[PDB]
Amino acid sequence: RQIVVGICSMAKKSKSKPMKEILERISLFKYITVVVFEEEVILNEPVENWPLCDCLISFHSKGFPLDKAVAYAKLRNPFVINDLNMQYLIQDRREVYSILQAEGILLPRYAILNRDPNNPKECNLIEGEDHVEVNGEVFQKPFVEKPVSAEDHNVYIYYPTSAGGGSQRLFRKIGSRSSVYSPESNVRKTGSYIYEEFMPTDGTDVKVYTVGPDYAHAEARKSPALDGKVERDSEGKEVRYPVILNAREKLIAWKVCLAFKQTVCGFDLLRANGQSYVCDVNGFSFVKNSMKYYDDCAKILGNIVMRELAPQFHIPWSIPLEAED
């Protein structure tokens, strides 16, 4: 029989252009059949009624019942490409940074301000006009303030008096804009946050996309922190700049992929002061508008499936060569 690769995610993701491009390519593997789980089934059917698969590609996004996906994996024991339990931890910036630190991965100096919503003023925060002190640790402006929820994209940057003060409020893109300047110079007074040192880059973020620990595609985009106007090409797509990762960065990708147990994993790098710092790990993410990435990603994923399962299915398989970017 065929090896069944099940895809379990919200319809917005399962029916996205990059997903469809990759799945049509995985389907070219002679012994692989792809089954995409319907959103109505994921949401409303018990896991006992979900389709069977031998290999499961499943990931959380807004509205996704991660508890059910975990229960399905426990019930059916498929080969899991992106670990499901780690997807709880990827939703919490505190957990993400804790893992990065434990892997010896360079990241911005940071401190966690945990605030009790019942007693918001009893937390260990002291504020001056050009700095904050978080659990005693001093952050001179410029510094960055991130909600502890990794799903909350309201990241603020606070400017020093020497630069005019105020703040840059970032958010999920709304059309032409990804951030806006605010004259507010004082930090947020409700919620829990990570405070971290601002890393000076050339004005771009490096976005890294892994497919297993030995393949990573990278590209750069204008930092939303800069002025907040999104750069677009004549075709209306956001401008992307070419990147080739250095040896240090290829190792970072290897580490992130394995540490979070996410075969397919996106993360952000800040190239600053002659090193590269991880500031965000997003989990499952595909590159868009690259035919070569679609070819590479599908081949790698198919090869992973075959390597793991071909012996069980008595299918002859010789491990092929694979790209690194």
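Don't overthink the numbering: it's just position in the shown sequence, from 1. The term rigid core refers to the most C-alpha atoms you can superpose between the two forms while keeping them within 1.5 Å.
Output the stretch, either 148-156 or 227-235, that has more C-alpha displacement from this form in 8 other deposited structures of this protein following superposition by the rigid core. Farther from the shown form on average in 8 other deposited structures of this protein: 227-235.
Which stretch is less alike in 8 other deposited structures of this protein, 118-126 or 104-112, counting RMS CA distance after the rigid core is superposed? More C-alpha displacement in 8 other deposited structures of this protein shows up in 118-126.
Using the B-factors recorded in the PDB entry, average over the C-alpha atoms of 123-131 and of 99-107, then report which stretch comes out higher. Per the deposited B-factors, the answer is 123-131.
Comparing 15-23 with 306-314, where is the mean C-alpha B-factor higher? The recorded data point to 306-314.
Going by the entry, which of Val243, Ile252, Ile90, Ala163 has the most elevated CA B factor? Comparing C-alpha B-factors across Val243, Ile252, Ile90, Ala163, the top value belongs to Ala163.
Selection by C-alpha B-factor (highest) of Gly136, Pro142, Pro147, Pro213: Among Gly136, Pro142, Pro147, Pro213, the highest C-alpha B-factor in the entry belongs to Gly136.
Mind checking which third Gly283 falls in for C-alpha B-factor across the chain? Answer is lowest: the recorded C-alpha B-factor places it there.
Where does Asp296 sit by CA temperature factor within its chain: lowest, middle or highest third? It falls in the middle third of the chain.
Modelled-residue ranking by C-alpha temperature factor, third containing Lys222: For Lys222, whose C-alpha B-factor we compare with every modelled residue in the chain, the answer is the middle third.
Where does the C-alpha B-factor of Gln262 rank in its chain, lowest, middle or highest third? For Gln262, whose C-alpha B-factor we compare with every modelled residue in the chain, the answer is the lowest third.
Test of reading the entry: by CA B factor among the chain's modelled residues, which third contains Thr33? It falls in the middle third of the chain.
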